[PDB]
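J.: Questions regarding the structure given below will be posed in turn.
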Amino acid sequence: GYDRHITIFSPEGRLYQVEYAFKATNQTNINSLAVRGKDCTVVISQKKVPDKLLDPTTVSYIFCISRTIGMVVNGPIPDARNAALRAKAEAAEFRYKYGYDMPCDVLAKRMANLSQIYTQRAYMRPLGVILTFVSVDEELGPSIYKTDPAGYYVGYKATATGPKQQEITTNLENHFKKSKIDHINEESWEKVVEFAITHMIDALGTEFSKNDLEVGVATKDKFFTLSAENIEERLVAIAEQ
Amino acid sequence: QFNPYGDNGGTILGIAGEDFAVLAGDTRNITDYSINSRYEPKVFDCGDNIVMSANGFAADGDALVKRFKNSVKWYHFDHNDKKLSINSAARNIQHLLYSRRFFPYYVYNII
Amino acid sequence: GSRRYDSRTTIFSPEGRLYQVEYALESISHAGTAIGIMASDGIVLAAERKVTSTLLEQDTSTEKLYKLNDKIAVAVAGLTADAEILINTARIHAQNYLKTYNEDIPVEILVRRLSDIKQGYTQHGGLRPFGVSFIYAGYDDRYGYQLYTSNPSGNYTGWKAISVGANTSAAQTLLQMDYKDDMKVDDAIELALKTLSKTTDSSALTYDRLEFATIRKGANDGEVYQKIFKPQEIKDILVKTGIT
Amino acid sequence: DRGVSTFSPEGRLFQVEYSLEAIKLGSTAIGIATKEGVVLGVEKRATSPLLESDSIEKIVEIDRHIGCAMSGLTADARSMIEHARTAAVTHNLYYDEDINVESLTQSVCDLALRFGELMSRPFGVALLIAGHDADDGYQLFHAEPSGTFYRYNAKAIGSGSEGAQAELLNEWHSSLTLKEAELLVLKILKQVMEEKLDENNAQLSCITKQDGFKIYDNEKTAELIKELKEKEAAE
Amino acid sequence: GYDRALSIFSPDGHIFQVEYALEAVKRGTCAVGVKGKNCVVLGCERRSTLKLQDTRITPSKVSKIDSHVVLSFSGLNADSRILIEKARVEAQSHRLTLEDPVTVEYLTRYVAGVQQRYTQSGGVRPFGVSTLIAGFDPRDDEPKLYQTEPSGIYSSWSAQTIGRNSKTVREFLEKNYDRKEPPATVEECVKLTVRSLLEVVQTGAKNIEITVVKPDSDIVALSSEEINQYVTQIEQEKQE
Amino acid sequence: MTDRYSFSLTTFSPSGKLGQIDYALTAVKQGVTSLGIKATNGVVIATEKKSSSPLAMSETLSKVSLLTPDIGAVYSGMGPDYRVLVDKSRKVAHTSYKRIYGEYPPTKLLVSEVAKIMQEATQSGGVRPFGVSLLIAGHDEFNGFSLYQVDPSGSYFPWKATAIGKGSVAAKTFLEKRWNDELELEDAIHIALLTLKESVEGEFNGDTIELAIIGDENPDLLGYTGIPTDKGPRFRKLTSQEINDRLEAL
Amino acid sequence: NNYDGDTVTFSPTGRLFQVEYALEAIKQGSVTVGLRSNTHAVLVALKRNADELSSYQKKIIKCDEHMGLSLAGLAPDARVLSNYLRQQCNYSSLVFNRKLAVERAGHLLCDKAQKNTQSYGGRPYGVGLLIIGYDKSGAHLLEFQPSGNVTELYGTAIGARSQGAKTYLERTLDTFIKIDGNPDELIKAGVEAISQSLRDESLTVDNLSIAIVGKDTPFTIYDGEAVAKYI
Amino acid sequence: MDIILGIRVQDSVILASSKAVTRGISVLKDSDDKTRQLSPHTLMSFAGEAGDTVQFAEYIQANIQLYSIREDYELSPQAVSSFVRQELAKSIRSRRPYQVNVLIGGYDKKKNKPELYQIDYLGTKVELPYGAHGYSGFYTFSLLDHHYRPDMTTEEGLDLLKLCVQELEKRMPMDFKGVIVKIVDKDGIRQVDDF
Amino acid sequence: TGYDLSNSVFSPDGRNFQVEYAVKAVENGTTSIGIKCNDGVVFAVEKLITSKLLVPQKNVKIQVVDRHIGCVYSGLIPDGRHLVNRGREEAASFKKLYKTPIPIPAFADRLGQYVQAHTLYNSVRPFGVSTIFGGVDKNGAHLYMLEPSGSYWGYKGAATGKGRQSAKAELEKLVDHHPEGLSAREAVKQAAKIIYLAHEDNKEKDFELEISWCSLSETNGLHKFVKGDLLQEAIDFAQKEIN
Ligand SMILES: [Cl-]
Ligand SMILES: [Mg+2]
Ligand SMILES: [Mg+2]
């Protein structure tokens with residue numbers, strides 16, 4: 001039974017190492033969510049600092065890949081950082097070679113191709129991570145593209161990742177079934193973040209303090225993460241209506 | 001254009017006696033019409049009762065002597081502290097010099 | 001490390017056989033039968049396509065018979081994809097020889113080169129061998145008309161008539177019975193088709209299940225012509241010989 | 001399977017230990033060192049009477065002052081001999097002198113452990129390296145595939161080794177002559193050999209300061225065999 | 001590159017891959033070598049399971065390495081081509097650098113060295129081939145006959161056989177070949193070579209190949225009819 | 001580090017089977033149905049856009065891909081494997097042909113190059129075979145229209161019409177009854193939609209179906225005017241609206 | 001058990017069995033003792049023979065004028081490692097006109113041995129080394145294990161029955177450290193230490209091997225009748 | 001080296017090559033054979049830079065001899081000449097080209113025809129009835145243009161060759177120490193020992 | 001089963017058992033800690049005295065990287081040294097190209113990526129060390145801890161080795177009782193105490209205390225070893241607290 005140890009086909013036509021890499025994805029027990037506004041793309045993720053000895057400012061699964069592209073990871077931090085460093089290098093090389101900023105979907109495809117190679121070549125293992133790339137693309141507008149250990153990737157209206165992804169997914173599905181549009185009809189990104197947090201609260205059934213969340217926002221020509229105090233202001237506005 | 005060679009002057013002299021030998025050399029080091037040092041040793045005790053001097057371009061001379069001294073050290077390690085005879089040292093030095101047949105040590109050597 | 005997963009494709013059995021070569025030959029025994037018959041005035045190549053469909057585009061299809069140059073052709077038995085790798089190498093070797101010596105490559109020299117490549121995969125590299133057996137049909141001015149075969153072991157031999165693929169035991173017996181040295185091409189054509197008709201696993205032998213080719217000096221004066229038969233031409237020769 | 005450079009739980013390299021078993025199956029080779037010279041002798045062991053025995057070359061010249069006998073997978077020895085000859089002559093080129101027997105032996109033994117996943121396995125042959133130099137005089141070395149080499153006053157290797165070594169234990173003393181050593185090798189070879197010893201299935205050689213390394217003629221050895229038979233019948 | 005050590009020692013001190021290569025030689029067709037007073041003859045078996053063969057173009061069992069040296073073999077056919085090619089290249093390489101053709105002993109030593117190298121090199125398996133190398137040294141009238149095997153050992157033989165049922169024909173040669181008086185003529189040498197193969201071959205038709213090599217690059221292969229005359233004469237004497 | 005898997009991972013078993021190729025074909029069997037039909041004046045290739053989530057934008061995932069202006073491709077099996085094959089197929093069309101001869105390769109030769117790449121993954125060291133079967137439709141001046149299937153082994157066959165994946169056995173039977181040598185392109189599209197409806201469970205419309213054709217030259221899709229000999233690509237992907245229009249006449 | 005096939009595999013308890021098996025080869029090896037004072041450092045080694053006709057395998061190797069070691073285990077591996085030390089000592093002299101510090105020599109050996117314990121294909125070194133030397137910070141003694149662990153000590157012993165000599169040195173610690181400016185008495189303490197590891201056999205003239213280095217003493221080895229003084 | 005001539009007659013090819021070898025101002029040898037037998041019915045003469053000539057010739061010889069043994073067959077003169085041309089055309093763009101000009105005289109046993117090929121160091125091949133390299137043609141071609149017929153006997157070819165050498169000996173400043181003449185025909189290669 | 005026999009193989013859980021086995025080697029090692037203070041960091045380690053023959057203060061365990069970073073580790077000591085050698089190469093190339101000394105977070109990722117790389121292939125073994133490291137840069141003080149998996153985070157206090165639980169408990173008290181912060185000299189005293197308290201898990205053999213520190217005020221942002229009077233002062237403070 002060595003067909004379960006390396007990335008070769010089982011008799012059923014399956015790659016067990018890829019399937020087990022998907023299971024490593026949920027090892028952190030963190031849930032993430034991404035939605036699109038008119039002018040922005042928002043990504044939120046649960047933040048859990050179990051140890052009091054940790055410096056909470058260094059605990060993060062959201063990465064600034066380029067000025068325009070942000071990336072949230074679902075999976076262990078070593079693989080997450082491996083993917084982050086590679087994506088940063090690829091984004092920079094692209095700009096140097098082709099004279100313009102690497103689009104979000106193109107980076108996703110590139111990282112997905114790298115993931116595919118690990119599923120075909122034996123000496124390389126898959127990374128046990130799911131990568132969600134976000135930006136406000138200059139051609140396509142607000143963009144969410146997600147990559148997994150199988151080498152699969154696709155664009156999204158909105159998306160969710162983690163142990164309780166299904167609950168969040170259905171919650172979002174039901175909202176877009178009502179509104180009948182592919183985005184959150186809202187002007188400011190502040191209110192789009194408030195929407196994202198509100199719908200995560202409803203789906204998971206848990207309340208959040210300022211230190212329980214982690215937020216990333218993509219606007220035209222820049223991606224940035226919110227501080228604890230920026231999130232607190234967001235939580236206050238939710239409670240006051 | 002860069003010239004990797006130079007001339008540090010000096011003169012050396014070796015004479016073989018019946019049961020002794022001498023190797024002499026002046027201690028002056030020069031470039032062009034200037035004196036670098038009035039006392040810069042040029043003849044060296046290399047071990048195993050062998051003395052050596054590489055005259056001409058000092059940098060190449062120092063490198064060769066340094067390499068031969070090293071060759072004596074490794075001759076002891078590899079051959080059970082055997083004494084390196086003068087005839088064996090001479091042959092060894094020929095191969096040290098010919099290693100740079102196409103970028104020579106610009107020196108006239110006496111042991 | 002990686003050693004754990006190595007099949008070791010290039011080793012002897014205790015009996016002194018090469019495992020992978022033997023298993024590759026087992027693969028080839030399930031492939032469509034290919035027959036070669038050499039006559040005094042030409043060579044015949046016949047081969048059976050494997051369980052086809054009505055929706056297969058036959059006239060543009062090629063799975064059995066391939067052209068190496070103007071003088072030499074091959075019939076294939078085994079993995080088609082493996083065979084095409086080798087065929088393209090053989091085509092290049094023939095052109096290299098022509099560029100070097102300004103003469104068409106002798107048949108045996110081309111055969112030896114391909115057979116040497118196959119041999120290499122059985123002795124070094126740790127890769128699986130090519131699951132292919134060839135029948136070479138060719139002509140040169142030294143030995144005239146020649147038939148050769150090569151298999152995954154890289155061993156090659158010359159023949160007057162030979163079969164590869166499925167039912168070679170039965171096919172070789174039938175050829176050995178009816179073959180004669182003073183035979184001609186038209187007779188050899190008939191023998192090849194009759195042998196396939198009796199050895200085939202199909203219910204009946206039809207034009208759409210066959211590939212056919214001849215190498216004749218039946219070209220205007222001292223020169224050689226290769227004829228890869230078209231579907232309609234295979235249908236005609238089947239009626240002529242009285243099989244359909 | 002398992003690594004080629006793997007240690008056993010006892011702290012030994014599996015492959016080196018297994019190569020030693022191959023050497024035990026090899027034909028017998030004996031060396032005896034004296035103050036008048038070193039004698040090397042071997043069992044030829046032809047597999048058939050049609051095999052021309054004089055083509056069996058299990059005693060070999062490395063330099064004028066160094067000889068070598070082999071036992072085990074003798075085909076493996078050819079590259080070792082080639083390296084030894086090259087090392088001996090190369091040192092003569094660099095230093096205008098003969099190379100020390102120990103230094104030559106050390107150079108050969110440096111090849112031994114150059115195996116892994118370099119060559120794919122250890123050598124399956126042991127060597128008796130005999131010679132003379134000005135510093136340490138007449139010497140006999142036993143070079144194994146482990147990379148280890150011991151100096152010996154007398155040594156036997158091959159299938160009849162432990163029986164021969166026990167005999168060499170009793171017979172050797174520091175005042176042996178060359179003639180006495182010759183007869184002693186013949187005596188012990190005759191004892192451990194399957195077939196009856198003669199000039200065609202056994203070979204002698206020696207290394208002296210004056211004449212250097214010499215392989216003995218079949219006519220010369222035949223006389224030493226006849227001299228042996230008579231002196232054993234003398235008591 | 002593929003570096004895997006395929007030929008390795010076993011607990012009992014055997015290299016199984018080298019020994020299994022000898023089993024491939026045992027499977028191969030019988031080859032025999034007999035040297036007379038002024039010649040050497042190489043005999044080879046052709047298995048008659050393969051008829052409808054084209055004997056003009058089929059690779060002959062005996063191969064010329066140079067104008068004065070020949071090589072026959074038993075074992076894997078494809079493997080033998082690689083040794084023959086290397087040998088032929090070395091023969092021309094020796095003529096080019098030393099200005100003399102190879103001695104038979106030198107050529108044998110080279111081929112045996114190649115076989116040995118493939119028993120302790122990574123990623124390769126041993127040659128499943130044993131060879132008989134015969135010929136005459138330049139400006140020498142003494143016959144030469146050598147044998148090699150997968151392990152890489154080689155030796156000189158007055159007469160030798162290799163391949164399937166080689167045990168039987170070696171038995172025949174050991175009692176029939178006299179060293180004090182070897183086959184004085186070509187006829188006697190060929191006759192003894194054919195006789196030895198008739199112990200094993202089956203039919204004396206197209207199953208026996210004979211190649212005579214004489215001094216000064218005089219090499220010829222006998223035809224079917226010439227060999228058939230030896231086969232006829234042998235059995236007619238046997239009916240008594 | 002270093003790739004130490006320099007040995008084959010696909011090997012012959014005692015029965016003569018190449019396991020990894022067979023297992024790759026099994027992966028293709030599990031894959032979504034795709035098909036191809038050849039007409040007199042064109043070729044059509046089609047498949048189902050099996051969306052993994054309704055939140056996912058299935059327009060961004062392209063199962064039918066342009067390889068050259070006159071050649072297109074569709075697959076069944078593992079999507080990621082297909083994606084990288086398309087990337088390599090597009091590149092090899094330039095490096096091994098267009099940069100040499102100054103024109104795009106004919107269908108059969110591009111197929112041959114793709115087949116070679118897939119064969120090498122079946123024999124080279126430290127790799128598994130591609131888990132896809134490709135259907136490649138194309139046109140060129142001297143061969144006309146053509147349709148090819150390419151399997152994980154590297155073997156390729158020309159077809160008049162065929163299907164691969166989930167419901168291929170049923171679909172091939174359906175095509176045998178409907179296909180003839182006098183079909184016009186619109187008739188082939190109609191048959192493609194009928195055949196594909198049988199294998200689809202859920203929604204069946206322009207947004208859940210991906211369909212492209214190799215047909216007439218499209219000068220409107222060229223992007224420039226002024227060169228008479230350049231008349232535009234023959235490959236065209238049908239829009240969501242164009243599919244739905246033909247579903248009313250179904 | 002299942003985790004001892006190669007050096008690249010941890011066991012479930014976090015052990016490296018191939019390294020532990022290499023460590024076992026040292027225990028089979030002949031005993032050797034190391035000890036130092038503030039002025040000198042001494043190596044004492046019990047040499048082993050194959051039989052009565054054979055020579056006694058050399059245990060001590062010189063690396064530089066101011067540094068050398070003694071070995072226990074696979075002798076060829078000691079030759080490889082000592083050769084490396086010779087080169088490193090030599091690189092320090094030729095480039096920096098600087099005698100290599102004994103502590104830095106230990107760090108280099110540690111790092112060389114470590115690479116063999118983390119990579120596939122290779123194997124750990126099957127030898128233990130005792131390095132003595134005199135540098136700018138005085139006399140030094142190091143113990144090298146092929147796991148990579150190098151330890152600076154006042155005194156130690158490795159090989160078969162080495163525990164007896166190690167206990168003796170642990171008692172004598174306060175005495176032999178004070179033996180300054182007296183090479184003969186320091187050697188006596190080393191010979192008396194190695195004697196605690198002997199059974200059946202005793203120290204003979206071609207059995208014993210001693211080495212010393214110090215303030216105005218280059219690394220020199222004593223064998224044969226040169227050690228009869230200490231028997 | 002200096003002068004190499006070639007002439008193809010009815011049933012043979014005749015190659016004439018100078019005997020002189022010069023180092024500095026001194027003639028070291030006056031009996032040098034500037035030729036190599038490539039196969040029993042193929043002969044190659046050569047001229048060019050010192051050392052390169054023999055090296056190249058012997059390298060070609062080894063390759064053709066290797067081919068002969070492998071196939072048990074003699075390559076045609078045309079095939080050999082094409083192999084030689086390729087080796088020179090390969091050589092001219094090398095780091096250090098081989099500065100060798102050759103004439104290849106052979107008898108094709110299949111076609112029963114003599115054949116003469118002239119190839120220079122660039123890899124410029126031409127089949128000719130008569131040929132030369134260097135300055136040799138400047139003196140000799142006018143005689144050959146006048147006297148040459150294709151139906152000439154071997155004896156007539158030798159007489160016309162003598163006239164060419166006499167003209168060279170009269171009008172060339174260099175003393176080339178006469179020529180060694182060799183004939184290539186159906187029976188093989190032989191040397192004319194008196195010329 | 002068989003998933004734990006090879007590195008870089010995912011078990012059906014999604015775990016790399018070979019990395020988890022490397023952690024067992026870390027847990028087997030001696031105790032080492034790190035404390036983040038007001039303007040710097042303090043490192044301390046337990047050195048087991050196996051024998052009287054060990055020369056005191058000679059077998060130094062804590063290692064410096066560049067001139068501003070300190071590294072300490074528990075587990076397989078050679079593996080730790082290998083990691084520091086790489087760290088020194090990374091820090092050198094950073095300074096070569098960018099001029100400024102390597103920032104601590106930047107340095108932490110360099111080690112992290114390198115350790116993580118040894119979980120990607122079966123041809124290499126994971127590191128048998130957890131490494132505590134840190135120092136002072138332009139943005140102030142930073143303390144990090146790096147596991148065999150390549151996982152690392154920033155810390156207020158950090159501990160690893162056989163006595164990590166005991167140490168962690170003591171570190172948690174300091175964080176609670178000093179929200180405003182701890183001074184550099186206080187951190188040295190506390191570091192000594194914690195190692196002494198953590199020595200109850202290795203109580204068979206006696207030990208030697210080793211401390212180092214980087215502080216903006218006390219060491220000018222350079223890594224230095226605590227020596228002489230300041231070391232003895234910390235030992236006395238530690239001994240007073242256990243009694
Ligand atoms: Cl890519
Ligand atoms: Mg993999
Ligand atoms: Mg010309």
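How things are named: the first chain in the structure tokens is A, the next is B, and so on; residues count from 1 in each chain; ligands count from 1 in the order shown.
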Write down, as a PyMOL selection string, each residue of chain C that has any atom within 12 Å of an atom of chain G, counting only C-alpha atoms.

T.: chain C and resi 1-4

J.: Once you have the residues from the selection above, write them out as a compact mmCIF listing (two decimals), in the first residue's frame, restricted to N, CA and C atoms.

T.:
```txt
# COMPACT_ATOMS: atom_id res chain seq x y z
N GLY C 1 14.31 7.03 2.37
CA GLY C 1 14.30 7.91 1.17
C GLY C 1 13.51 7.34 0.01
N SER C 2 13.95 7.65 -1.21
CA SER C 2 13.22 7.27 -2.43
C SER C 2 13.33 5.77 -2.77
N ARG C 3 14.43 5.14 -2.37
CA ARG C 3 14.67 3.70 -2.61
C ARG C 3 13.44 2.82 -2.34
N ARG C 4 12.72 3.15 -1.28
CA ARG C 4 11.52 2.40 -0.86
C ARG C 4 10.55 2.11 -2.01
```

J.: Give me, as a CSV table (one decimal) with N, CA, C and O atoms, in the first residue's frame, the contact residues of chain D against chain G at a cut-off of 8 Å, counting only C-alpha atoms.

T.:
```csv
chain,number,residue,atom,x,y,z
D,2,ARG,N,17.3,-1.7,1.6
D,2,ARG,CA,18.1,-1.1,2.7
D,2,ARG,C,19.4,-0.4,2.1
D,2,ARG,O,19.8,-0.8,1.0
D,3,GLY,N,19.9,0.5,2.8
D,3,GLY,CA,21.1,1.3,2.3
D,3,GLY,C,22.3,0.4,2.2
D,3,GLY,O,22.5,-0.7,2.8
D,5,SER,N,25.4,1.6,2.6
D,5,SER,CA,26.3,2.1,3.7
D,5,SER,C,25.7,2.0,5.1
D,5,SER,O,25.9,2.8,6.0
D,6,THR,N,24.9,1.0,5.3
D,6,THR,CA,24.1,0.8,6.6
D,6,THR,C,25.0,0.1,7.6
D,6,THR,O,25.7,-0.9,7.4
D,7,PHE,N,24.8,0.6,8.9
D,7,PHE,CA,25.4,-0.1,10.0
D,7,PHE,C,24.5,-1.1,10.6
D,7,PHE,O,23.3,-0.9,10.7
D,8,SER,N,25.1,-2.2,11.1
D,8,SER,CA,24.3,-3.2,11.8
D,8,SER,C,24.2,-2.8,13.3
D,8,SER,O,24.9,-1.9,13.7
D,9,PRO,N,23.3,-3.4,14.0
D,9,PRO,CA,23.2,-3.1,15.5
D,9,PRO,C,24.4,-3.3,16.3
D,9,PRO,O,24.6,-2.8,17.3
D,10,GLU,N,25.3,-4.2,15.8
D,10,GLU,CA,26.6,-4.5,16.4
D,10,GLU,C,27.7,-3.4,16.1
D,10,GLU,O,28.8,-3.4,16.7
D,11,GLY,N,27.4,-2.5,15.1
D,11,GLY,CA,28.3,-1.4,14.8
D,11,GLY,C,29.3,-1.8,13.6
D,11,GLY,O,30.4,-1.3,13.6
D,12,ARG,N,28.8,-2.7,12.7
D,12,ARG,CA,29.6,-3.1,11.6
D,12,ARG,C,28.8,-2.8,10.3
D,12,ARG,O,27.6,-2.8,10.3
D,110,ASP,N,42.5,3.5,0.5
D,110,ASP,CA,41.7,4.7,0.4
D,110,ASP,C,40.5,4.5,-0.5
D,110,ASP,O,39.5,5.1,-0.4
D,113,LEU,N,36.6,2.2,1.0
D,113,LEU,CA,35.3,2.7,1.5
D,113,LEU,C,34.7,3.7,0.6
D,113,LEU,O,33.7,4.4,1.0
D,116,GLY,N,28.9,3.7,-2.2
D,116,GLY,CA,27.6,4.3,-1.8
D,116,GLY,C,26.5,4.4,-2.8
D,116,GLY,O,26.5,3.7,-3.8
D,117,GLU,N,25.7,5.4,-2.6
D,117,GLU,CA,24.5,5.6,-3.5
D,117,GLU,C,24.2,7.1,-3.7
D,117,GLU,O,24.3,7.9,-2.8
D,147,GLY,N,39.0,-1.1,4.3
D,147,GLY,CA,39.9,0.1,4.3
D,147,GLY,C,41.0,0.0,5.3
D,147,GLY,O,41.9,0.9,5.4
D,148,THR,N,41.0,-1.1,6.1
D,148,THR,CA,42.0,-1.4,7.1
D,148,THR,C,43.1,-2.2,6.5
D,148,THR,O,42.9,-3.0,5.6
D,150,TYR,N,46.7,-4.2,8.0
D,150,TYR,CA,47.6,-4.7,9.1
D,150,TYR,C,49.0,-5.1,8.4
D,150,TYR,O,49.0,-5.7,7.4
D,151,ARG,N,50.1,-4.8,9.1
D,151,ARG,CA,51.4,-5.3,8.7
D,151,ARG,C,51.5,-6.7,9.4
D,151,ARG,O,51.0,-6.9,10.5
D,152,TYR,N,52.1,-7.6,8.7
D,152,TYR,CA,52.3,-9.0,9.1
D,152,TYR,C,53.7,-9.5,8.9
D,152,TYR,O,54.4,-9.1,8.0
D,153,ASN,N,54.2,-10.3,9.8
D,153,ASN,CA,55.4,-11.1,9.6
D,153,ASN,C,55.1,-12.3,8.7
D,153,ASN,O,55.9,-12.6,7.8
D,154,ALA,N,53.9,-12.9,8.8
D,154,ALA,CA,53.4,-13.9,7.9
D,154,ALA,C,51.9,-13.9,7.9
D,154,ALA,O,51.3,-13.6,9.0
D,155,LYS,N,51.3,-14.1,6.8
D,155,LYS,CA,49.8,-14.1,6.7
D,155,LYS,C,49.3,-15.0,5.6
D,155,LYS,O,49.9,-15.1,4.5
D,169,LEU,N,51.7,-19.6,12.7
D,169,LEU,CA,52.0,-19.2,14.1
D,169,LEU,C,53.1,-20.0,14.7
D,169,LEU,O,54.0,-19.4,15.3
```

J.: Compare I:197, I:9, I:120, I:159 by their minimum atom-to-atom distance to residue 44 in chain I, counting only C-alpha atoms, and give me the closest one.

T.: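 Smallest separation from residue 44 in chain I among the options: I:159.
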
J.: Between F:126, F:154, F:233, F:215, which has the minimum distance to ligand 2 (counting only C-alpha atoms and all ligand atoms)?

T.: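 Using only C-alpha atoms and all ligand atoms, ligand 2 sits closest to F:126.
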
J.: Please check which protein, DNA or RNA residues sit within 9 Å of ligand 1, counting only C-alpha atoms and all ligand atoms, and write them as a PyMOL selection string.

T.: (chain A and resi 109-114) or (chain F and resi 84+87)

J.: Counting only C-alpha atoms, which residues from chain E have an atom at most 10 Å from any atom of chain F, and could you show them as a PDB file with N, CA and C atoms, in the first residue's frame?

T.:
```
ATOM      1  N   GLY E   1      20.931  11.569 -11.782  1.00  0.00           N
ATOM      2  CA  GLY E   1      20.973  10.268 -12.516  1.00  0.00           C
ATOM      3  C   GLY E   1      20.614   9.077 -11.644  1.00  0.00           C
ATOM      4  N   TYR E   2      20.214   7.982 -12.286  1.00  0.00           N
ATOM      5  CA  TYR E   2      19.838   6.755 -11.578  1.00  0.00           C
ATOM      6  C   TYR E   2      21.082   6.055 -11.035  1.00  0.00           C
ATOM      7  N   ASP E   3      21.213   6.055  -9.710  1.00  0.00           N
ATOM      8  CA  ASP E   3      22.450   5.674  -9.026  1.00  0.00           C
ATOM      9  C   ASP E   3      22.316   4.374  -8.218  1.00  0.00           C
ATOM     10  N   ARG E   4      21.168   3.713  -8.331  1.00  0.00           N
ATOM     11  CA  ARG E   4      20.808   2.607  -7.436  1.00  0.00           C
ATOM     12  C   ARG E   4      21.775   1.429  -7.559  1.00  0.00           C
ATOM     13  N   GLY E 123      23.343   1.939 -10.791  1.00  0.00           N
ATOM     14  CA  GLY E 123      22.302   2.127 -11.799  1.00  0.00           C
ATOM     15  C   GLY E 123      22.330   1.183 -12.988  1.00  0.00           C
TER      16      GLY E 123
END
```

J.: Excluding residue 92 in chain C and residues on its chain fewer than 2 positions from it, collect all residues at most 12 Å away from it, counting only C-alpha atoms, and give them as JSON, numbers by chain.

T.: {"C": [68, 69, 85, 86, 87, 88, 89, 90, 94, 95, 96, 97, 98, 99, 105, 110, 113, 114]}

J.: Find the distance between CA of residue 27 in chain E and CA of residue 203 in chain E and write it in Å to one decimal.

T.: 19.1 Å

J.: Could the residues that lie within 6 Å of ligand 3, counting only C-alpha atoms and all ligand atoms, be listed as a count of residues only?

T.: 5

J.: Can you list every residue of chain C that has an atom at most 6 Å from chain F, with its nearest atom pair and the distance in Å to one decimal, using only C-alpha atoms, ordered by chain then number, as JSON lines?

T.:
```
{"residue": "C:23", "atom": "CA", "partner": "F:16", "partner_atom": "CA", "distance": 5.0}
{"residue": "C:24", "atom": "CA", "partner": "F:16", "partner_atom": "CA", "distance": 5.8}
{"residue": "C:26", "atom": "CA", "partner": "F:16", "partner_atom": "CA", "distance": 5.0}
{"residue": "C:27", "atom": "CA", "partner": "F:16", "partner_atom": "CA", "distance": 4.1}
{"residue": "C:55", "atom": "CA", "partner": "F:160", "partner_atom": "CA", "distance": 5.4}
{"residue": "C:56", "atom": "CA", "partner": "F:159", "partner_atom": "CA", "distance": 4.7}
{"residue": "C:57", "atom": "CA", "partner": "F:159", "partner_atom": "CA", "distance": 4.9}
{"residue": "C:80", "atom": "CA", "partner": "F:155", "partner_atom": "CA", "distance": 5.9}
{"residue": "C:81", "atom": "CA", "partner": "F:155", "partner_atom": "CA", "distance": 5.0}
{"residue": "C:126", "atom": "CA", "partner": "F:7", "partner_atom": "CA", "distance": 4.8}
{"residue": "C:127", "atom": "CA", "partner": "F:8", "partner_atom": "CA", "distance": 4.7}
{"residue": "C:128", "atom": "CA", "partner": "F:11", "partner_atom": "CA", "distance": 5.8}
```
